[PDB]
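Q: This structure is in structure tokens; I'll ask about it shortly.
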Amino acid sequence: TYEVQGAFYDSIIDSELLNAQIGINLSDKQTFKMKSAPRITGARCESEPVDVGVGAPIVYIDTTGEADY
Amino acid sequence: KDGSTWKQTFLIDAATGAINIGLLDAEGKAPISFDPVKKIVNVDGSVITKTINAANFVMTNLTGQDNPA
């Protein structure tokens with residue numbers, strides 16, 4: 001999680017003064033939660049036995065992420 | 001007659017009413033095969049008929065990666 005606060009600094013503001021953040025008059029802070037990358041909980045593969053022919057392979061894999069896609 | 005050897009084209013066994021039709025594959029897979037013992041008619045390829053009457057149209061994934069439908 002991070003907190004965001006910033007503002008515009010004009011030509012008057014100096015690098016040292018900007019670091020001091022004295023005259024900047026920054027914006028109020030705001031807190032947001034940073035999402036989590038996907039991970040795979042387990043890897044597996046199972047298929048149905050068949051009397052005639054061959055069982056089609058399939059992969060079952062369980063994730064734990066929160067990505068949109 | 002292929003060179004100095006002879007390749008089977010079709011066979012009709014006496015003990016079993018099995019009739020293999022077609023030149024044999026390098027691995028020995030006959031194109032069309034029959035078996036009254038198992039009461040099955042085995043044809044690799046396609047079958048064209050005006051109509052078909054049956055009691056169970058059980059689609060099968062005959063090949064490793066086929067899509068029955």
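Simple scheme: letters A, B, ... for chains in structure tokens order, numbers from 1 for residues in each chain, numbers from 1 for ligands in the order shown.
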Within 7 Å of range 52-68 of chain A, counting only C-alpha atoms, which residues show up once you throw out same-chain ones fewer than 4 positions away? Write them as a PDB file with C-alpha atoms, in the first residue's frame, please.
A:
ATOM      1  CA  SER A  36      -0.961  -8.713  -6.032  1.00  0.00           C
ATOM      2  CA  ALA A  37       0.572 -10.616  -8.924  1.00  0.00           C
ATOM      3  CA  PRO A  38      -0.908 -13.992  -9.925  1.00  0.00           C
ATOM      4  CA  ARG A  39       0.473 -17.275  -8.636  1.00  0.00           C
ATOM      5  CA  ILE A  40      -0.383 -20.922  -9.294  1.00  0.00           C
ATOM      6  CA  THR A  41      -1.424 -22.877  -6.210  1.00  0.00           C
ATOM      7  CA  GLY A  42      -1.119 -26.316  -7.798  1.00  0.00           C
ATOM      8  CA  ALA A  43      -0.606 -28.065 -11.117  1.00  0.00           C
ATOM      9  CA  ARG A  44      -2.489 -31.187 -12.157  1.00  0.00           C
ATOM     10  CA  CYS A  45      -3.917 -33.038 -15.138  1.00  0.00           C
ATOM     11  CA  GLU A  46      -6.557 -35.759 -15.291  1.00  0.00           C
ATOM     12  CA  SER A  47      -8.562 -37.448 -18.026  1.00  0.00           C
ATOM     13  CA  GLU A  48     -11.413 -39.929 -18.293  1.00  0.00           C
TER      14      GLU A  48
ATOM     15  CA  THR B  60     -15.452 -41.062 -29.788  1.00  0.00           C
ATOM     16  CA  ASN B  61     -12.097 -39.286 -29.604  1.00  0.00           C
ATOM     17  CA  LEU B  62     -10.454 -41.890 -31.807  1.00  0.00           C
ATOM     18  CA  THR B  63      -7.260 -39.921 -32.424  1.00  0.00           C
ATOM     19  CA  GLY B  64      -5.091 -38.401 -29.720  1.00  0.00           C
ATOM     20  CA  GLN B  65      -6.194 -34.829 -30.473  1.00  0.00           C
TER      21      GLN B  65
END
Q: Give me, as an MDAnalysis selection string, the residues of range 26-67 of chain A that a backbone DSSP run labels strand (DSSP E).
A: chainID A and resid 30:32 40:44 60:63
Q: Grab the CA of residue 25 in chain A to CA of residue 7 in chain A distance for me, in Å with one decimal place.
A: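 Value for the CA of residue 25 in chain A-CA of residue 7 in chain A distance: 7.1 Å.
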Q: Near residue 33 in chain B, counting only C-alpha atoms, which residues have an atom at most 12 Å away, once you skip same-chain residues fewer than 5 positions from it, shown as a PyMOL selection string?
A: chain B and resi 10-13+17-24+28+38-45
Q: Would you mind listing what lies within 8 Å of residue 30 in chain A as JSON, numbers by chain, with only C-alpha atoms counted and same-chain residues fewer than 4 positions away left out?
A: {"A": [3, 4, 5]}
Q: Out of B:32, B:59, B:54, B:37, which residue has the shortest atom-to-atom distance to chain A when counting only C-alpha atoms?
A: B:59
Q: What separation in Å, quoted to one decimal, exists between CA of residue 14 in chain B and CA of residue 36 in chain B?
A: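 Separation between CA of residue 14 in chain B and CA of residue 36 in chain B: 11.9 Å.
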Q: Near residue 2 in chain A, within 8 Å and counting only C-alpha atoms, which residues show up once chain neighbours fewer than 6 positions away are dropped, as number ranges by chain?
A: A: 31-34
Q: Convert the current residue selection to file output with N, CA, C and O atoms, as a PDB file, in the first residue's frame.
A:
ATOM      1  N   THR A  31      -4.415   7.243   0.358  1.00  0.00           N
ATOM      2  CA  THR A  31      -3.899   5.892   0.528  1.00  0.00           C
ATOM      3  C   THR A  31      -4.632   4.935  -0.403  1.00  0.00           C
ATOM      4  O   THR A  31      -5.864   4.967  -0.488  1.00  0.00           O
ATOM      5  N   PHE A  32      -3.872   4.086  -1.091  1.00  0.00           N
ATOM      6  CA  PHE A  32      -4.439   3.071  -1.964  1.00  0.00           C
ATOM      7  C   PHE A  32      -3.670   1.770  -1.781  1.00  0.00           C
ATOM      8  O   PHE A  32      -2.502   1.773  -1.385  1.00  0.00           O
ATOM      9  N   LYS A  33      -4.339   0.661  -2.079  1.00  0.00           N
ATOM     10  CA  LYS A  33      -3.758  -0.668  -1.950  1.00  0.00           C
ATOM     11  C   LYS A  33      -3.288  -1.138  -3.319  1.00  0.00           C
ATOM     12  O   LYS A  33      -4.024  -1.029  -4.304  1.00  0.00           O
ATOM     13  N   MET A  34      -2.069  -1.663  -3.374  1.00  0.00           N
ATOM     14  CA  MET A  34      -1.455  -2.100  -4.619  1.00  0.00           C
ATOM     15  C   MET A  34      -1.681  -3.596  -4.793  1.00  0.00           C
ATOM     16  O   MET A  34      -1.362  -4.385  -3.898  1.00  0.00           O
TER      17      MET A  34
END
Q: Using CA of residue 8 in chain A and CA of residue 35 in chain A as the two end points, give the distance in Å to one decimal.
A: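 So the answer is 27.6 Å.
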Q: Closest to chain A among B:9, B:58, B:69, B:48, using only C-alpha atoms?
A: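 Closest candidate: B:58.
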